[PDB]
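A quick write-up on the structure given underneath.
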Ligand SMILES: Nc1ncnc2c1ncn2[C@@H]1O[C@H](COP(=O)(O)OP(=O)(O)O)[C@@H](O)[C@H]1O
Ligand SMILES: Nc1ncnc2c1ncn2[C@@H]1O[C@H](COP(=O)(O)OP(=O)(O)O)[C@@H](O)[C@H]1O
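Residue numbers (the entry's author numbering), protein chains in the order written: chain D, 16 to 705, 711 to 763; chain C, 16 to 705, 711 to 763; chain B, 582 to 707, 710 to 763.
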């Protein structure tokens, strides 16, 4: 719809300066391919800023073929480097001069707190740098007026995330993986020798990756620069570890921020701890500093997407910016990408440092992010069980259950749901084998020490069947009428929706279902209406994006070959699309977007023109059931006879391997995060009677920027029951974008 | 066949004491399930040796259901711990006593250098320990004669591999993964900031994982305790790094052994190096000590197989041992598992430390393994290019090529082949696009700096097509001359085999094919006759064994479900079998082992009796084409209608996702290792003219314990050309075993 | 219809039953010849004849199979016409022989028995090593003739097992113009 508006003729320079984080390539890829799409010239700037000063070999134009085959790699191919000869006007001039020699009037910088502030100045000094170049007569006197205005745009890029202008900065999810990967491995070595480990994650300033990772591996204790330990923590920690040996947890994991501190700026080294536990508890302890393995590695799905979206929203922001409009720093807020003023953002970032240095920790917290406070609170109120007798019991029965297909990171949702329940004063009942078990009586009260160590496990434990209750609506109520069940917590997918939607029926027929029930999105499909995201979704999506890279391997080894992969996920083309954009597929056929033999024919042509360039590979993803006639076989059958002579092609039907492996850190948190707020909505609405109106049975889920409880009742509207997909689907806005990155 | 004479009545005790290495669980799983198959009782011994002293809660019987769902986990579920109260007779007695109380007469210890020596004494003191127990009257006076003989067996288990009784110890391949995983990640952060890293791998005594890993990531320099650096290495290293910057290698990786030393016992810390390079080169440098992430993580395929095979060969050795027979320590030598004397094994291990302490490094090397010397030699002679002018050119043209399907770890074979060639005095010619390009003239001379950094990349670069050299023999002859080629190396699967054979009898014909030619196994199928292994085999097998665990996830979440996965690999059921044993499949239908509707029927029954126990999952692998009638659909169609009411079931057809991803560390080495010895066979046989016979065209591959060059001629015998698989296939001996383990 | 790669059965049967199109191997075709035929089938679904018949040679294309052909025609009609698929089994080569075969079998088989009786009398008062010592009798122009299996190696596609030059392909344009 906005493809028309495209500033052409002009050029843009792209560079990378700062903590080389994963997904950085996927960014410069969206920038180059988009910059060309709009009809402008895109130049490369090696060694970040240093490349500008130097020039010549550090500046070259980039073709569509250039940024190809780099999306699936960490670090940055453009190269990064700290340039000091730029922080000085005496040399910042050489940079400017070199730009006019190439005709670049716009620039896109992908760095960090400082790197951005660099261009913020260059932007201003420009009018002053051209005055000197024209004066000394080093550049054509004409140029002094053609390239008078200088537009720049910054981009969030560093695993630190010490930036409050955006919730997530390109790299976080990637580095977060690297951290969890190391831990999940270490946990097997500690669960044997029954010892305790102390880890040191990155983040000299922001203690973000230090908290999210911890919540992701159900850590025992965390040390953050923003929220230091209350005086007297030394004995309070040993209290925990002392109880963890008494509860039989032969494993203890300690997460420490690179810049840990206590009530006073006094640093909290990881050794100062190793000493504390072994010299006061006697437990064998080993501390390890996670190497730069946090900035390297393969970019996760989330990172590639965010990167590829930012790279575009940045290109448009460059030619859609006025000579007097503030410097913009594209960033993902809530769910939709939005540009923000650079200066104002660096301010917030610096302010966090200000508060911390002035023992104002309490304020420095609500300054890093309005989700950060909620995360710390969620973690702690879930990693500490105040004595059994100090918890005011409510004498109510709340039950949890897993209805639907198993989704990675589901056990994580149960761990939270249970603990946030017991710690709230309720007795927990676990319904095994989904509904199938519910009716059979497979119910058992579980405890706190029970759901311990699940945040890391995938698949399901309490079982889970897509078994609809619509016909066993009796055997169920009959069970609740013999367990004191006064609450319910479903965790699944669309199957669960129909579950509550049906339950509400037998209320004027069965006085037992007349209780509070809250469903939480838990499916790899993400077809759950009333939420833009689902638990275990980002996991499979990560498994898919990965597998596509390994398939793009055999497609490159053997020149001129195309692959057709059939991703699963009912009619919901979520998985199919997000994965196609994350692996850079030439096309992804989802159901939600109709297509005839022509949309297909007109795409085989584009695939042929690619078998001329360097990229002699081909990748096309197809939604499990996007069409009843054009099947995985059909698509392949056509592509073969229509290519015959130009390229080869095969087909693969991704099995359930997707929804299987260990849950992605994003699910390890999502599962734990939005499930607690689901448990309080219960405690809060269960206290109201301390239930009729069709609403006490809703579905908590991500909507705008934050989650909200929507009564399953009013969700009947925006939902396609025939294809089992929500009517309005947000990720369709990426459709035009996703494709312009094809050709 | 040999499962005839088994054994009952008596009982066996299993424990784990030492460096908890991955795949340890997969070991105790084979011991338990086998000890039961033989008809004996198997007891658990928690906390390694400490459990023996204690007793009671640290000793329990294990059912078939017990050791289930642990195979795919690192560390040890039995628990490990160092017990000092055992190194003393005063307490070693409490251990013995507790054993008679449970009726255990045999024992299997899975530990290390020290842990094993422990039972070696216990074995002897036994007669003396029962003398005191009967005297003091603590055990029934009768028992003093029923349990008079005490049989024990040790098992290689520790990632150190500081054991020369066996080539590989349960854990190596797994810890080697963890190491390579960390590196491959760090290399992206270093290839950006163009810096140098110094890594510190495990191995306080043996510098194994330090050499193998290095060779796997094409490291720049290594430090080993057995082969220290020649006096004057300080400047020699800087010489390298200085040239790597001159050759444009914006990345330098240094691998240091945990116990590195120089000509003298003087330790070589990783810092002592960080100082050296930065204070003498000025390059930015960061050193990181790979935490215990090397002992943790998920066990690799190689590890699980070796583990599962050792656990069995151990059980049989226990009941097949006489009262006066030396203590045995099962270990994999060459390719077939063979038991060896404990004491005699510990001697060798202790002797390596002896030599090192007496500056006898030269002997200490040929004492750790007859392959070690060949590996160190391979690495070094491939990481240092003596000046262009100091290399006595031979003025000969040797060309390499990739014929067949792309196999992970193929580029690695080219890197080696190329360098070992230039460093031998030959000019290297690279044939792109396999044969299809060979006839097209897609030939180009490559250099040393060209094939730099390939050992880590998967897929292929020189392209690779399954096209035979037949129909275009003339378009290959004419070209052959244009470059005046004399030697041709091949990196392909069965495809390449047919290549060499077609070129053999096609000599008298085209007089251009009369020269030395050597092929090397490079296919994920492993159907290449004349070799027990293939390049890229262990990779796909690792991806398969992984994917199966992710499927075994969704099969456990939804109780009572069976999956049918169709692995690929022509008729060669290699992939299908090894993967089935590595993931614990209930059955794997390969072609090499015929079966009727009865073997199938009699297996669905076994699957039903499992749906009664705790394990309500089901996994069955089927070879791509093991039967023309019983296809993946058929197998599923039967299993469904035959279970209907007891269990559900689905089917998945693994795509080319197998042979795709980054090559496994075992392939990264195999490719480089046995590829050089293939290049020397050329340099050695081309200097013989200082060429039309059956001994000029051969297939270099693994046979007995070591590789050997077998003329493609005499290989026509042991090869099934109709099904493209070697007649005699070694891994078929594991068939009975594989099945008794799964039941 | 079956019949290896030889589209004879498929063609003659399609012309005899008035099939809208018969896809044989001997006559290549892309997704366009297929597309441009679904259109003609739609314009017929306007007249009186609301039927559609398309024959496909057992293996005229490795990609475009009976299911493919049907899978396309279904989605490409959706709203104008329905469609199903049938794979004629060996029922074809089975029933009692047609009177033309009852004769052909007996007719040209006798003249094949005499060619033997006559070439037994040749070198009687006079061994066989020539090329015309093992020929194949078959209808060529107007009448049959004995062609030595030797010189038949030329006009024969061994890969698909069909003679190179096939006469009945002259009926291709005709066969189709009769299908509208
Ligand atoms: N105040 C400044 N003025 C101008 N350029 C700056 C300034 N601060 C940083 N830079 C530029 O950006 C580069 C990166 O600085 P750094 O603080 O390391 O970035 P980041 O915050 O991403 O880690 C410097 O080498 C310089 O080129
Ligand atoms: N002579 C001995 N007698 C009894 N136990 C011993 C003896 N030597 C070693 N052990 C046992 O093995 C432990 C030593 O660790 P070890 O097994 O050598 O580790 P690793 O598996 O890494 O080689 C001791 O704590 C003890 O439990």
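Don't be surprised by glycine CBs; every beta carbon is placed ideally from N, CA and C.
| Query | Result |
| --- | --- |
| Contacts that residue 640 of chain D makes with chain B (C-beta to C-beta distance below 7 Å) | Correct list: empty, because the minimum Cβ distance to chain B is about 14 Å. |
| Straight-line gap, residue 237 of chain D to residue 310 of chain C (C-alpha atoms, nearest Å) | 24 Å |
| Check: residue 99 of chain D C-beta below 8 Å from any heavy atom of ligand 1 | yes |
| Contact residues within the segment 82-114 of chain C, judged by C-beta distance below 9 Å to chain D | 88, 89, 90, 91, 92, 93, 94, 95, 96, 97 |
| Secondary structure, beta strand (DSSP E): runs of 3+ residues fully inside the segment 432-503 of chain D | 442-446, 458-460 |
| Range covered by the beta strand (DSSP E) that runs through residue 164 of chain D | Counting along the chain, residue 164 of chain D falls outside any beta strand (DSSP E), and DSSP gives it neither H nor E. |
| Buried versus exposed call for residue 107 of chain C [16 or more other C-beta atoms within 10 Å across all chains shown] | buried |
| heavy atom of ligand 2 below 8 Å from residue 131 of chain C C-beta | yes |
| DSSP bridge partner residues for residue 638 of chain B (one or two, in chain order) | According to DSSP, residue 638 of chain B bridges with nothing at all. |
| Counted within 10 angstroms of its Cβ, other Cβ atoms place residue 630 of chain B as buried (16 or more) or exposed | exposed |
| Residue 436 of chain D and residue 415 of chain D closer than 9 Å at C-beta | yes |
| Sequence-distant residues of the same chain with beta carbon closer than 7 Å to residue 135 of chain D, five excluded per side | 342, 357, 358 |
| Cutoff 7 Å; reference residue 242 of chain C; Cβ partners in own chain excluding five residues on either side | 376, 380, 391 |
| Assigned exposure category for residue 743 of chain C - 16 Cβ within 10 Å defines buried | exposed |
| Heavy atom of ligand 1 within 8 Å of residue 122 of chain D beta-carbon | no |
| Cβ pair residue 709 of chain D, residue 62 of chain D closer than 9 Å | There are no atomic positions for residue 709 of chain D here, as chain D continues from 705 directly to 711. |
| Cβ contact (3+ pairs, closer than 8 Å) linking the segment 568-578 of chain D and the segment 297-305 of chain D | no |
| 7 Å Cβ cut-off: residues of chain C touching residue 574 of chain D | 448, 478 |
| Residue 210 of chain C Cβ short of 8 Å to ligand 1 heavy atom set | no |
| Identified DSSP bridge partners for residue 212 of chain C | C:268, C:301 |
| Beta-carbon neighbours of residue 645 of chain B, restricted to chain D and to distances below 7 Å | 652, 656 |
| Proximity winner among C:335, C:438, C:105, C:345, relative to residue 698 of chain C (alpha-carbon distances) | C:438 |
| Same chain, Cβ closer than 8 Å to residue 619 of chain B, neighbours up to 5 away in sequence not counted | 653, 654, 657, 658 |
| Backbone CA spacing between residue 265 of chain C and residue 41 of chain D [nearest angstrom] | 21 Å |
| Contiguous alpha helix (DSSP H) assignments of at least 4 residues, all confined to the segment 360-384 of chain C | 376-380 |
| Distance CB(residue 548 of chain C)-CB(residue 745 of chain C) smaller than 9 Å | no |
| Spatial neighbours of residue 158 of chain D in its chain, beta-carbon cut-off 6 Å, leaving aside the 5 residues before and after | 115 |
| Proximity test, residue 69 of chain C beta-carbon vs ligand 2 heavy atom, cut-off 8 Å | no |
| Own chain partners of residue 648 of chain D with C-beta closer than 8 Å, once the 5 adjacent residues on each side are dropped | 666 |
| Proximity test, residue 61 of chain C beta-carbon vs ligand 2 heavy atom, cut-off 8 Å | no |
| Opening and closing residue of the alpha helix (DSSP H) in which residue 188 of chain C lies | 187-205 |
| Contacts around residue 249 of chain C, its chain only, beta-carbon distance under 7 Å, and the 5 residues preceding and following it disregarded | 291 |
| Where residue 420 of chain C falls: helix, strand or coil (DSSP) | coil |
| Selection from D:451, D:607, D:527 that minimises the alpha carbon distance to residue 511 of chain D | D:451 |
| Nearest candidate by alpha-carbon position, reference residue 25 of chain C, set C:44, C:163, C:325 | C:163 |
| 9 Å Cβ cutoff, residue 197 of chain D in contact with chain C | yes |
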